[PDB]
Structures are given as structure tokens and as C-alpha cells.
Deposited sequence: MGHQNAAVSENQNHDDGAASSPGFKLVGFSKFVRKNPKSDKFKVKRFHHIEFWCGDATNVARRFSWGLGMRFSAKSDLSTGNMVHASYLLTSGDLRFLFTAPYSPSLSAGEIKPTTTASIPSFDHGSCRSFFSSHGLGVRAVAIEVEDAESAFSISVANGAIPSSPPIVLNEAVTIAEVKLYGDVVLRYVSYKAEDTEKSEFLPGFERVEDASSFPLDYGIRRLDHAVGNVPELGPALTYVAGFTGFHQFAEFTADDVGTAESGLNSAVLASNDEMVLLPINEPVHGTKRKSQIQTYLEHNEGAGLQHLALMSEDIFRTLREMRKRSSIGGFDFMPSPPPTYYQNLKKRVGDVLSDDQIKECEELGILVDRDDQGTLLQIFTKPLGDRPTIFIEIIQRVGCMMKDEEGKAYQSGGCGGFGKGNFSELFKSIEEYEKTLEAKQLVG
């Protein structure tokens, strides 16, 4: 009858919000133009040959506060002209050859990235890139998160050496909600990240998985981590094979109206955008009526059925969510579109949870639908 949650607000440095996601590409242009059309994100900044960067090509797409950065190495034929200082062709080519299209870097704003970096390394973080001040403006540092993903710190006083790009595109995507990594072993990954960050544990209510969510003090930076359960097979085990180890599994994208967004995105799956996981049976939506009846009107339940949208509830609020098919060649990274309703006071982070209860709700309605 009552679910109680604790939060020791034990961040070791001041953390603000997600800043950007950096994908490592083979060709940044075609990936950036695919994502731009498929998600309704505007071309906003660039650092390439047209701006003087002869080391790497990097395009920034934005949608409200969401920033997707796409970076590809040029031919080596030194690094002075590069704008992102942690970059080198060897690590890029290795990453791509080993994992294919995927997230290299999850970037969080912090108060002081040099502060954030030294506290992290003192508490166990494996450094990947030390603090660099770019043009006495922004400071950027990087530490290993899991596998080949880096956590990147960004602090201020898009980036120096980027040029801005001038009715544009917008399907309602407003911000990144959470970024989820797949690891072989929850326990050590958790003690390692929680060890250097001080992020606390967020709460709960076959799956093939064990999950735990790491959260900053205000629970606005959310980092869930999944482990495969051995012994139908775990998609997470499947992820680890095709991704050649740990790596980022999915990004959830918060929308201000998931119906508009889903309408826009489903218009474009067959003309260059993203395809979606097959939708629940009709029994799943008959059961919505009185499981969230008090939050969704009957017209919005008809809307979820037309769009294949999943709904979940926890102690605080309600979550509307839908999962995209893998973004590239391998069955590795995919995207989630979500809208959280409730928990207003501003809206609190994790309002509605992460959809864990939809495993049963999907299985229940699939076995209901046969009979």
C-alpha cells in the first residue's frame, strides 16, 4: 500500500544535466542526415573541413535541449585543427571496427570539469581524457564509464571551433531522459560507476535482465545499467556479442507530446526514418482502460493503440514509452521515446519509472490474446 524511496544526495561533485551524446561514425554526414529526418532534429553546429577542422567531421543536431553529436575521422594525411581535444583517429577506427555505429560519449554538464575529473580519478575512475580548457571558455574531461564508452565532463563560465548552421524540423523531442548501458556484470559496473560518481540508487515497482538505475542528486542525470541473465535468450547477451562487449544500449528521448512525435516518426519509417518494435496485441489496450483510466482519457487510449505506445505506472506517475528498432546494422543500440505525466511540484525525474512493469503487462496481454 506504500512505496518509500531514499536519496542520500551523495554526488561527489555538482552535476547539472545531460549535455550531449557523441556517436562515433564511419561517415558522419549520412548518419547525421538520417537521424535528422527520422527524429525531427535541426542541423545546428558543425566542425569539419568547411570550418577548418582537417582531423575530424562533427555535426550537431538539436531538438529543444537534446544534442546529438556525430563524429567521423578524416584521413590522417597534426591535431591542432581538431576542436574536440580527446579525439584521435586510432581510437575512432578501433571503436567503429569493433562495435559499429554507437555511442562513444555521454556528456553531463558539471560545475567544474577539472574538479569533477580529479574527484573521479581519486575515487577509482579510469581516466581516458584529462581536463582541457578550450579557448578559456569551456573545460572538458573524460573518464571510462563502461566498455568503450566515456563519461565526459563539460563546464562553462556548442563548443569552440564549431560554426552555427542557419520553418525547420521539430517533432516534439525536448530532452534526453536516460542513457542505458549493457554490461556483463551488474555488480562490479555498479560499484565502479557509483564508486567514482557518488550517484545513488533509484528504486523499483522472465525479463532476461537484472537492472539498476544510477541517479544524480536531483535525479535528472539517470544512468540505468543492465546485466544479462543466463538460461528466451537474453537480448543483453545478444547485445554483448554483436557489440563486442559492454556499451550503450539505448537512449530515451523525452517528448512533450508522444502522439505528435510518434505520428511524425511513424510517417517516416519507410521513407528514411526509424522503424518500431511490433506493437502489443489488442488485449493490451483493453486492459489499459482501468489500469490508467484515471490518467488517460478514452480518446488517448485510442491514440496509444493506433501508435503502438506502452503505458506504465509506479507510485509517483505514469510513463508513455515506445521502442525503436536498432539504429544501425547491428542489433545493438536503439532509441526510446517517452513522455512522463505526473510528479509536478517543475516535474521530478523518473516520474513513472522506466517501464519494468510492461514485461508482465506485455506477457499478460499476449497470453490473454490467444484465448
{"property": "Unmodelled ranges, which are counted on the deposited sequence from position 1 and given in order", "result": "1 to 29, 107 to 113, 194 to 201, 211 to 214, 254 to 261, 288 to 289, 404 to 410, 437 to 445"}
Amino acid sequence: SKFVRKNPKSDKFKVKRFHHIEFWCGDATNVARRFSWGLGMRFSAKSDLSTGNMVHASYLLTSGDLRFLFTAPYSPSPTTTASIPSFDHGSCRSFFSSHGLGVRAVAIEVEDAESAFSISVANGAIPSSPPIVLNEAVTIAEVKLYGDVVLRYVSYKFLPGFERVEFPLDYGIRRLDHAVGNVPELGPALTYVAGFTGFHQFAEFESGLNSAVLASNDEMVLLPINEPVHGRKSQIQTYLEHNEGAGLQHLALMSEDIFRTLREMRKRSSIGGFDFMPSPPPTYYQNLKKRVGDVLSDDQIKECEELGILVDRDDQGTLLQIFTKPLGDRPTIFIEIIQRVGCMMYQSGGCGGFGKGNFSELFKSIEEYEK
From here on, numbers count along this sequence of modelled residues.
| item | value |
| --- | --- |
| Missing-residue flag, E206, threshold a third of other entries | yes |
| Unmodelled in at least a third of other entries of this protein, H230 | yes |
| Mean C-alpha B-factor comparison - 65 to 73 and 303 to 311, higher one | 303 to 311 |
| Given 21 to 29 and 349 to 357, the range whose Cα B-factors average higher in the PDB entry | 349 to 357 |
| Largest Cα B-factor, entry values, listed residues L169, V133, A141, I108 | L169 |
| Maximum C-alpha temperature factor, selected from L49, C343, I337, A45 | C343 |
| Third of the chain's Cα B-factor distribution that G100 belongs to, per the entry | lowest |
| CA B-factor placement of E204, once the chain's modelled residues are sorted into thirds | highest |
| Third of the chain's Cα B-factor distribution that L186 belongs to, per the entry | middle |
| B-factor third for the C-alpha atom of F276 within its chain | middle |
| CA B-factor placement of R260, once the chain's modelled residues are sorted into thirds | lowest |
